[PDB]
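Undergrad: Data file entry.txt (compact mmCIF, C-alpha atoms) is appended below.
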# COMPACT_ATOMS: atom_id res chain seq x y z
CA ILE N 240 -24.31 -23.67 14.17
CA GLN N 241 -27.93 -22.93 15.09
CA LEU N 242 -26.86 -19.94 17.20
CA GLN N 243 -24.73 -18.60 14.35
CA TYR N 244 -27.60 -19.03 11.88
CA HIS N 245 -30.01 -17.24 14.22
CA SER N 246 -27.52 -14.41 14.73
CA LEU N 247 -27.05 -14.07 10.96
CA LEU N 248 -30.83 -14.01 10.44
CA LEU N 249 -31.21 -11.32 13.11
CA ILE N 250 -28.40 -9.29 11.54
CA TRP N 251 -30.05 -9.54 8.11
CA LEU N 252 -33.42 -8.52 9.57
CA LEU N 253 -31.82 -5.50 11.24
CA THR N 254 -29.99 -4.60 8.01
CA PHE N 255 -33.29 -4.77 6.11
CA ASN N 256 -33.90 -1.22 7.35
CA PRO N 257 -31.45 1.07 5.49
CA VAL N 258 -30.84 3.30 8.53
CA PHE N 259 -29.95 0.35 10.77
CA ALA N 260 -27.74 -1.16 8.06
CA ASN N 261 -25.90 2.14 7.61
CA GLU N 262 -25.44 2.47 11.38
CA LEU N 263 -24.11 -1.08 11.68
CA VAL N 264 -21.78 -0.58 8.70
CA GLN N 265 -19.69 1.92 10.67
CA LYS N 266 -20.09 -0.04 13.92
CA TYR N 267 -17.69 -2.78 12.74
CA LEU N 268 -15.60 -2.31 9.60
CA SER N 269 -14.47 -5.95 9.78
CA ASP N 270 -18.03 -7.28 10.14
CA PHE N 271 -18.33 -7.81 6.37
CA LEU N 272 -14.99 -9.64 6.25
CA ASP N 273 -16.00 -11.83 9.19
CA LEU N 274 -19.33 -12.64 7.54
CA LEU N 275 -17.60 -13.53 4.27
CA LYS N 276 -15.11 -15.76 6.09
CA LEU N 277 -17.93 -17.49 7.97
CA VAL N 278 -19.87 -18.03 4.74
CA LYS N 279 -16.79 -19.49 3.05
CA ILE N 280 -16.06 -21.78 6.01
CA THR N 281 -19.67 -22.86 6.57
CA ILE N 282 -21.09 -25.40 4.11
CA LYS N 283 -24.75 -24.93 5.09
CA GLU N 284 -26.79 -23.46 2.23
CA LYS N 285 -29.09 -21.51 4.56
CA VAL N 286 -26.20 -19.97 6.51
CA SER N 287 -24.38 -19.01 3.31
CA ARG N 288 -27.55 -17.47 1.86
CA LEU N 289 -28.16 -15.49 5.06
CA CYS N 290 -24.57 -14.24 5.08
CA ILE N 291 -24.82 -13.24 1.41
CA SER N 292 -28.08 -11.39 2.06
CA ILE N 293 -26.55 -9.59 5.06
CA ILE N 294 -23.50 -8.58 3.02
CA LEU N 295 -25.68 -7.34 0.15
CA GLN N 296 -27.92 -5.36 2.52
CA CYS N 297 -24.94 -3.39 3.83
CA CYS N 298 -23.90 -2.54 0.25
CA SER N 299 -27.50 -2.17 -0.95
CA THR N 300 -28.45 1.12 -2.60
CA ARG N 301 -31.12 1.68 0.07
CA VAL N 302 -28.47 2.12 2.77
CA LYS N 303 -26.73 5.49 2.89
CA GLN N 304 -23.30 5.77 1.23
CA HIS N 305 -23.86 2.49 -0.60
CA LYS N 306 -21.10 3.14 -3.15
CA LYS N 307 -18.64 4.24 -0.46
CA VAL N 308 -19.48 1.23 1.72
CA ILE N 309 -19.08 -1.16 -1.22
CA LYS N 310 -15.74 0.40 -2.19
CA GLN N 311 -14.47 0.23 1.40
CA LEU N 312 -15.55 -3.40 1.74
CA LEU N 313 -13.87 -4.34 -1.54
CA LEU N 314 -10.67 -2.51 -0.59
CA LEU N 315 -10.42 -3.89 2.95
CA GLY N 316 -12.07 -7.31 3.09
CA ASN N 317 -11.24 -8.30 -0.51
CA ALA N 318 -14.92 -8.65 -1.34
CA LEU N 319 -14.24 -8.97 -5.08
CA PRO N 320 -11.88 -11.99 -4.79
CA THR N 321 -14.12 -13.77 -2.27
CA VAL N 322 -17.15 -13.19 -4.49
CA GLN N 323 -15.23 -14.44 -7.54
CA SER N 324 -14.21 -17.58 -5.64
CA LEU N 325 -17.79 -18.15 -4.49
CA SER N 326 -19.10 -17.74 -8.05
CA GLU N 327 -16.67 -20.39 -9.30
CA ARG N 328 -17.78 -22.73 -6.51
CA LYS N 329 -21.05 -24.60 -7.06
CA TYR N 330 -23.90 -24.12 -4.57
CA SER N 331 -26.84 -26.52 -4.34
CA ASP N 332 -29.29 -23.81 -3.26
CA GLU N 333 -30.65 -21.76 -6.15
CA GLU N 334 -31.46 -18.71 -4.02
CA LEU N 335 -27.98 -18.80 -2.47
CA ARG N 336 -26.43 -19.09 -5.93
CA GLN N 337 -28.45 -16.11 -7.17
CA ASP N 338 -27.44 -14.06 -4.13
CA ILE N 339 -23.78 -14.99 -4.66
CA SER N 340 -24.02 -14.01 -8.34
CA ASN N 341 -25.59 -10.66 -7.43
CA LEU N 342 -22.89 -10.01 -4.83
CA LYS N 343 -20.18 -10.89 -7.36
CA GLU N 344 -21.71 -8.53 -9.92
CA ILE N 345 -21.88 -5.73 -7.34
CA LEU N 346 -18.26 -6.34 -6.31
CA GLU N 347 -17.11 -6.33 -9.94
CA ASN N 348 -18.98 -3.09 -10.60
CA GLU N 349 -17.43 -1.50 -7.51
CA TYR N 350 -13.93 -2.68 -8.46
CA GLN N 351 -14.34 -1.42 -12.03
CA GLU N 352 -14.25 2.19 -10.82
CA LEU N 353 -11.55 1.41 -8.25
CA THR N 354 -7.89 0.97 -9.17
CA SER N 355 -4.64 -0.24 -7.63
CA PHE N 356 -4.08 3.25 -6.19
CA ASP N 357 -7.26 2.95 -4.12
CA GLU N 358 -6.15 -0.46 -2.82
CA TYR N 359 -2.73 0.94 -1.89
CA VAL N 360 -4.34 3.90 -0.12
CA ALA N 361 -6.65 1.57 1.82
CA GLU N 362 -3.71 -0.65 2.80
CA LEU N 363 -1.73 2.39 3.98
CA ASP N 364 -4.72 3.65 5.99
CA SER N 365 -5.19 0.22 7.58
CA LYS N 366 -1.41 -0.01 8.20
CA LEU N 367 -1.43 -3.57 6.81
CA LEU N 368 0.91 -4.69 4.03
CA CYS N 369 1.67 -8.29 3.03
CA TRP N 370 3.76 -7.82 -0.13
CA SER N 371 0.94 -6.80 -2.46
CA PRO N 372 1.37 -7.17 -6.24
CA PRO N 373 1.72 -3.38 -6.53
CA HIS N 374 4.78 -3.47 -4.25
CA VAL N 375 6.59 -5.93 -6.55
CA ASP N 376 5.27 -4.31 -9.76
CA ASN N 377 7.86 -1.97 -11.25
CA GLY N 378 5.27 -0.39 -13.56
CA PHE N 379 2.92 0.40 -10.68
CA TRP N 380 5.72 2.11 -8.75
CA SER N 381 6.78 4.03 -11.87
CA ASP N 382 3.22 5.22 -12.57
CA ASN N 383 2.53 6.01 -8.89
CA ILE N 384 5.81 7.79 -8.06
CA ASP N 385 4.27 11.20 -8.82
CA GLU N 386 1.18 10.36 -6.75
CA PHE N 387 3.36 9.38 -3.78
CA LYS N 388 5.22 12.70 -3.92
CA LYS N 389 2.00 14.66 -4.49
CA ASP N 390 0.54 16.92 -1.79
CA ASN N 391 3.98 17.67 -0.30
CA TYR N 392 4.77 13.93 -0.32
CA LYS N 393 1.75 13.06 1.81
CA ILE N 394 2.00 9.38 0.85
CA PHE N 395 5.73 9.40 1.63
CA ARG N 396 5.03 10.95 5.04
CA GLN N 397 2.35 8.33 5.73
CA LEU N 398 4.78 5.56 4.76
CA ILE N 399 7.45 7.05 7.03
CA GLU N 400 4.95 7.19 9.91
CA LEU N 401 3.97 3.57 9.27
CA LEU N 402 7.63 2.53 9.26
CA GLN N 403 8.21 4.40 12.53
CA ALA N 404 5.18 2.68 14.08
CA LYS N 405 6.47 -0.71 12.90
CA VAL N 406 9.88 0.08 14.41
CA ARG N 407 8.11 0.93 17.67
CA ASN N 408 6.17 -2.33 17.28
CA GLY N 409 9.36 -4.15 16.23
CA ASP N 410 9.90 -5.29 19.83
CA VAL N 411 7.09 -7.83 19.38
CA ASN N 412 8.64 -8.88 16.04
CA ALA N 413 5.50 -10.73 14.98
CA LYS N 414 5.38 -12.46 11.60
CA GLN N 415 2.69 -10.08 10.34
CA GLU N 416 4.59 -7.16 11.88
CA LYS N 417 7.82 -8.34 10.22
CA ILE N 418 6.07 -8.65 6.85
CA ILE N 419 4.59 -5.16 7.22
CA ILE N 420 8.01 -3.75 8.17
CA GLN N 421 9.63 -5.42 5.15
CA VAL N 422 6.92 -4.08 2.83
CA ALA N 423 7.33 -0.58 4.27
CA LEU N 424 11.11 -0.79 3.83
CA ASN N 425 10.66 -1.89 0.20
CA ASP N 426 8.23 0.98 -0.42
CA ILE N 427 10.68 3.45 1.15
CA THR N 428 13.51 2.10 -1.01
CA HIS N 429 11.35 2.48 -4.12
CA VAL N 430 10.33 6.03 -3.15
CA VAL N 431 14.00 6.86 -2.57
CA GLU N 432 15.22 5.39 -5.87
CA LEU N 433 12.43 7.10 -7.82
CA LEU N 434 11.64 10.76 -7.07
CA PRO N 435 14.83 11.35 -5.02
CA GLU N 436 13.29 14.50 -3.52
CA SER N 437 11.43 12.21 -1.10
CA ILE N 438 14.77 11.04 0.35
CA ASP N 439 15.32 14.39 2.07
CA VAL N 440 11.78 14.31 3.49
CA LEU N 441 12.32 10.77 4.78
CA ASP N 442 15.63 11.77 6.38
CA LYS N 443 13.97 14.78 8.04
CA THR N 444 11.12 12.57 9.29
CA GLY N 445 13.55 10.06 10.80
CA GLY N 446 13.26 7.50 8.01
CA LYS N 447 17.03 6.97 7.93
CA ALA N 448 17.06 6.47 11.71
CA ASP N 449 14.23 3.94 11.41
CA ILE N 450 16.11 2.07 8.67
CA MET N 451 19.28 2.04 10.79
CA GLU N 452 17.33 0.71 13.78
CA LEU N 453 15.75 -1.98 11.59
CA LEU N 454 19.24 -2.94 10.37
CA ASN N 455 19.89 -4.41 13.84
CA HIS N 456 16.61 -6.35 13.93
CA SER N 457 16.82 -10.02 14.89
CA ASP N 458 14.71 -11.12 11.91
CA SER N 459 16.84 -12.01 8.90
CA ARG N 460 14.29 -10.73 6.37
CA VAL N 461 13.88 -7.40 8.19
CA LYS N 462 17.65 -6.97 8.43
CA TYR N 463 18.06 -7.76 4.73
CA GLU N 464 15.33 -5.27 3.79
CA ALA N 465 16.93 -2.58 5.96
CA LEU N 466 20.34 -3.27 4.40
CA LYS N 467 18.83 -3.01 0.91
CA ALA N 468 17.17 0.29 1.85
CA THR N 469 20.47 1.62 3.22
CA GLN N 470 22.27 0.57 0.04
CA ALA N 471 19.61 2.32 -2.06
CA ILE N 472 20.03 5.39 0.17
CA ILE N 473 23.79 6.01 0.16
CA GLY N 474 25.27 2.60 -0.63
CA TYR N 475 26.19 1.03 -3.94
CA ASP I 15 30.47 -5.37 7.38
CA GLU I 16 32.14 -6.57 4.18
CA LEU I 17 29.10 -5.61 2.09
CA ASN I 18 29.03 -2.13 3.64
CA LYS I 19 32.75 -1.67 2.99
CA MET I 20 32.35 -2.78 -0.64
CA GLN I 21 29.44 -0.37 -1.11
CA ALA I 22 31.45 2.43 0.51
CA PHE I 23 34.24 2.10 -2.07
CA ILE I 24 31.79 2.14 -4.99
CA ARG I 25 30.06 5.26 -3.68
CA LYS I 26 33.43 6.88 -2.95
CA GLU I 27 34.55 6.11 -6.51
CA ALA I 28 31.40 7.77 -7.85
CA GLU I 29 32.17 10.79 -5.65
CA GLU I 30 35.56 11.16 -7.36
CA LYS I 31 33.87 10.99 -10.77
CA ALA I 32 31.37 13.66 -9.69
CA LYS I 33 34.22 15.88 -8.47
CA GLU I 34 36.10 15.32 -11.74
CA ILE I 35 32.97 16.20 -13.73
CA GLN I 36 32.46 19.30 -11.57
CA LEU I 37 36.11 20.26 -12.07
CA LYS I 38 35.69 19.84 -15.84
CA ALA I 39 32.65 22.13 -15.71
CA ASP I 40 34.74 24.78 -13.93
CA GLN I 41 37.35 24.57 -16.70
CA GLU I 42 34.61 24.89 -19.32
CA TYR I 43 33.19 27.92 -17.51
CA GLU I 44 36.59 29.64 -17.63
CA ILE I 45 36.86 28.92 -21.36
CA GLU I 46 33.30 30.17 -21.91
CA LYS I 47 34.03 33.28 -19.84
CA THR I 48 37.09 34.02 -21.99
CA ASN I 49 34.95 33.65 -25.12
CA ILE I 50 32.41 36.08 -23.64
CA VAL I 51 35.22 38.58 -23.00
CA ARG I 52 36.49 37.99 -26.54
CA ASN I 53 32.97 38.55 -27.89
CA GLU I 54 32.69 41.74 -25.84
CA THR I 55 36.01 42.89 -27.32
CA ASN I 56 34.50 43.04 -30.81
CA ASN I 57 31.53 45.04 -29.49
CA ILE I 58 33.87 47.32 -27.53
CA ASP I 59 36.08 47.74 -30.61
Can you give me the file's structure in the form of structure tokens?

TA:
Amino acid sequence: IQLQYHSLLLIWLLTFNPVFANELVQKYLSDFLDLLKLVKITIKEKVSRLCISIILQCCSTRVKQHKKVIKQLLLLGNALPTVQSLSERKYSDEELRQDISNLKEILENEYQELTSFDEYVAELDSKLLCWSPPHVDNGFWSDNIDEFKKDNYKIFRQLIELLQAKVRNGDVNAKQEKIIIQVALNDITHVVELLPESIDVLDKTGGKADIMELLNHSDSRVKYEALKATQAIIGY
Amino acid sequence: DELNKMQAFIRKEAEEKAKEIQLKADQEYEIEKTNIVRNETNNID
């Protein structure tokens, strides 16, 4: 605990300089998420305050690309939900509570400009999908069908590439990998049902072959998702 | 599988309906073409 507190203090001191904070922001994209997880797990007021200060320094306006860094942190590490949970929780330290409130306000301001489309784009870029609310939201798919097919179906091509990578990674058949594969299959089925023009692009890019390969997967959920995608493709 | 076979029949049934609709369009085109020729007859007359 003492070593972790000293490391957090050193990180905050380094991040006090905007140039060093900006350099360390790109050094580890998951550093903010790890710091937030450590702050949530740790009950020490000093450690939580140091973690909050370190997180705020990375997203501070002094550091370069402060808005971009804050948006990326909120999209990847779920900074807004963690900050909202911390605000609801009661902290004995007044300085730690003030830092948590400031971080929550910054996260809310960053998320106000952002939308579900930005979160979906970040998830696609990170190649991580765990059945997000947008995947199960019919309205989101209906209002984002044109965006998916935009730029010569760039989003559809990215989804097809992610599905192909998951099929290549399907040998491991990990739980997270299986969930990602199922989410990708659901997204492909939605993009085939709506905007049918994307079906030809998916077939050209080997999406049908990937679905057929996933139909023989050992996992029951993956097989069911592949069967549903095949039914949406040419089936009833 | 049984589910695939059931889905195949439904899609095949829709194919017959599409062919019937396409065949009906061909019949309508012939009727419309005759009307165009009939309309041209008045102009030619």

Undergrad: For chain N, list the residues within 9 Å of chain I, counting only C-alpha atoms, and write the list as a tab-separated table (two decimals) with C-alpha atoms, in the coordinates of the input.

TA:
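The resulting file, result.tsv, is shown below:
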chain	number	residue	atom	x	y	z
N	466	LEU	CA	20.34	-3.27	4.40
N	470	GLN	CA	22.27	0.57	0.04
N	473	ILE	CA	23.79	6.01	0.16
N	474	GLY	CA	25.27	2.60	-0.63
N	475	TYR	CA	26.19	1.03	-3.94

Undergrad: Could you check the closest approach to residue N:419 for each of N:444, N:365, N:296, N:455 and tell me which residue wins, using only C-alpha atoms?

TA: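 Closest to residue N:419, using only C-alpha atoms: N:365.
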
Undergrad: Quick one: residues within 9 Å of residue N:318, all atoms listed in the file, excluding same-chain residues fewer than 3 positions away - as a ChimeraX atom specification?

TA: /N:271-272,275,309,312-315,321-323,342-343,346

Undergrad: From the set N:386, N:301, N:471, N:310, which residue has the shortest atom-to-atom contact distance to residue N:254, counting all atoms listed in the file?

TA: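 Closest residue, counting all atoms listed in the file: N:301.
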
Undergrad: I want to know what sits within 12 Å of residue N:277, based on all atoms listed in the file, with residues of the same chain fewer than 4 positions away left out; could you give that as a compact mmCIF listing (two decimals) with C-alpha atoms, in the coordinates of the input?

TA:
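Printed below is selection_22.txt as written:
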# COMPACT_ATOMS: atom_id res chain seq x y z
CA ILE N 240 -24.31 -23.67 14.17
CA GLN N 243 -24.73 -18.60 14.35
CA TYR N 244 -27.60 -19.03 11.88
CA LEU N 247 -27.05 -14.07 10.96
CA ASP N 270 -18.03 -7.28 10.14
CA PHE N 271 -18.33 -7.81 6.37
CA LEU N 272 -14.99 -9.64 6.25
CA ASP N 273 -16.00 -11.83 9.19
CA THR N 281 -19.67 -22.86 6.57
CA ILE N 282 -21.09 -25.40 4.11
CA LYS N 283 -24.75 -24.93 5.09
CA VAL N 286 -26.20 -19.97 6.51
CA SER N 287 -24.38 -19.01 3.31
CA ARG N 288 -27.55 -17.47 1.86
CA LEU N 289 -28.16 -15.49 5.06
CA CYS N 290 -24.57 -14.24 5.08
CA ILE N 291 -24.82 -13.24 1.41
CA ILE N 294 -23.50 -8.58 3.02
CA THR N 321 -14.12 -13.77 -2.27

Undergrad: Closest to residue N:336 among N:412, N:292, N:351, N:299, using all atoms listed in the file?

TA: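 Using all atoms listed in the file, the shortest distance to residue N:336 belongs to N:292.
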
Undergrad: In Å, with one decimal, what is the gap from atom CA of residue N:422 to atom CA of residue N:463?

TA: 11.9 Å

Undergrad: Starting from 5 Å padding per side, set up an axis-aligned box that covers all listed atoms of stretch 414-433 of chain N and hand over centre and edge lengths in Å, one decimal, as lines of an AutoDock Vina configuration file.

TA:
center_x = 9.0
center_y = -2.7
center_z = 2.0
size_x = 22.5
size_y = 29.6
size_z = 29.7

Undergrad: Do you know which residues are at most 8 Å from residue N:401 counting all atoms listed in the file, after dropping those on the same chain fewer than 3 positions away, and could you put them as an mmCIF file with C-alpha atoms, in the coordinates of the input?

TA:
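Contents of out_33.cif, freshly written:
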data_model
loop_
_atom_site.group_PDB
_atom_site.id
_atom_site.type_symbol
_atom_site.label_atom_id
_atom_site.label_comp_id
_atom_site.auth_asym_id
_atom_site.auth_seq_id
_atom_site.Cartn_x
_atom_site.Cartn_y
_atom_site.Cartn_z
ATOM 1 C CA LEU N 363 -1.730 2.390 3.980
ATOM 2 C CA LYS N 366 -1.410 -0.010 8.200
ATOM 3 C CA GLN N 397 2.350 8.330 5.730
ATOM 4 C CA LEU N 398 4.780 5.560 4.760
ATOM 5 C CA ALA N 404 5.180 2.680 14.080
ATOM 6 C CA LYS N 405 6.470 -0.710 12.900
ATOM 7 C CA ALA N 423 7.330 -0.580 4.270
#

Undergrad: Compare N:417, N:329, N:468, N:432 by their minimum atom-to-atom distance to residue N:456, counting all atoms listed in the file, and give me the closest one.

TA: N:417

Undergrad: Any idea what's packed within 9 Å of residue N:308, counting all atoms listed in the file, ignoring anything in its chain fewer than 5 positions away? Could you give it as a ChimeraX atom specification?

TA: /N:261,264-265,297-298,303,313

Undergrad: Using atom CA of residue N:367 and atom CA of residue N:402 as the two end points, give the distance in Å to one decimal.

TA: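 Computing it gives 11.2 Å between the two atoms.
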
Undergrad: Reconstruct N, CA and C atoms of stretch 255-269 of chain N; output as an mmCIF file, keeping the file's coordinate frame.

TA:
data_model
loop_
_atom_site.group_PDB
_atom_site.id
_atom_site.type_symbol
_atom_site.label_atom_id
_atom_site.label_comp_id
_atom_site.auth_asym_id
_atom_site.auth_seq_id
_atom_site.Cartn_x
_atom_site.Cartn_y
_atom_site.Cartn_z
ATOM 1 N N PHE N 255 -32.215 -5.022 7.060
ATOM 2 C CA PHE N 255 -33.290 -4.770 6.110
ATOM 3 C C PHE N 255 -33.686 -3.295 6.107
ATOM 4 N N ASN N 256 -33.675 -2.660 7.273
ATOM 5 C CA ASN N 256 -33.900 -1.220 7.350
ATOM 6 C C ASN N 256 -32.625 -0.492 6.933
ATOM 7 N N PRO N 257 -32.686 0.411 5.950
ATOM 8 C CA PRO N 257 -31.450 1.070 5.490
ATOM 9 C C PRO N 257 -30.738 1.860 6.573
ATOM 10 N N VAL N 258 -31.475 2.504 7.482
ATOM 11 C CA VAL N 258 -30.840 3.300 8.530
ATOM 12 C C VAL N 258 -30.043 2.393 9.469
ATOM 13 N N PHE N 259 -30.642 1.273 9.879
ATOM 14 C CA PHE N 259 -29.950 0.350 10.770
ATOM 15 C C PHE N 259 -28.739 -0.275 10.081
ATOM 16 N N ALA N 260 -28.869 -0.614 8.797
ATOM 17 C CA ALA N 260 -27.740 -1.160 8.060
ATOM 18 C C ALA N 260 -26.600 -0.155 7.957
ATOM 19 N N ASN N 261 -26.929 1.110 7.678
ATOM 20 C CA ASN N 261 -25.900 2.140 7.610
ATOM 21 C C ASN N 261 -25.232 2.345 8.965
ATOM 22 N N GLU N 262 -26.017 2.324 10.046
ATOM 23 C CA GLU N 262 -25.440 2.470 11.380
ATOM 24 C C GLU N 262 -24.521 1.312 11.721
ATOM 25 N N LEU N 263 -24.928 0.086 11.383
ATOM 26 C CA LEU N 263 -24.110 -1.080 11.680
ATOM 27 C C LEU N 263 -22.896 -1.191 10.765
ATOM 28 N N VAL N 264 -22.925 -0.541 9.601
ATOM 29 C CA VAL N 264 -21.780 -0.580 8.700
ATOM 30 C C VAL N 264 -20.564 0.071 9.350
ATOM 31 N N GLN N 265 -20.768 1.228 9.980
ATOM 32 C CA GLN N 265 -19.690 1.920 10.670
ATOM 33 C C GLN N 265 -19.410 1.354 12.056
ATOM 34 N N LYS N 266 -20.318 0.542 12.602
ATOM 35 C CA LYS N 266 -20.090 -0.040 13.920
ATOM 36 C C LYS N 266 -18.907 -1.001 13.908
ATOM 37 N N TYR N 267 -18.783 -1.810 12.859
ATOM 38 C CA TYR N 267 -17.690 -2.780 12.740
ATOM 39 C C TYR N 267 -17.273 -2.838 11.277
ATOM 40 N N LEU N 268 -16.100 -2.278 10.969
ATOM 41 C CA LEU N 268 -15.600 -2.310 9.600
ATOM 42 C C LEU N 268 -15.244 -3.718 9.153
ATOM 43 N N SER N 269 -14.844 -4.576 10.088
ATOM 44 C CA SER N 269 -14.470 -5.950 9.780
ATOM 45 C C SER N 269 -15.648 -6.913 9.838
#
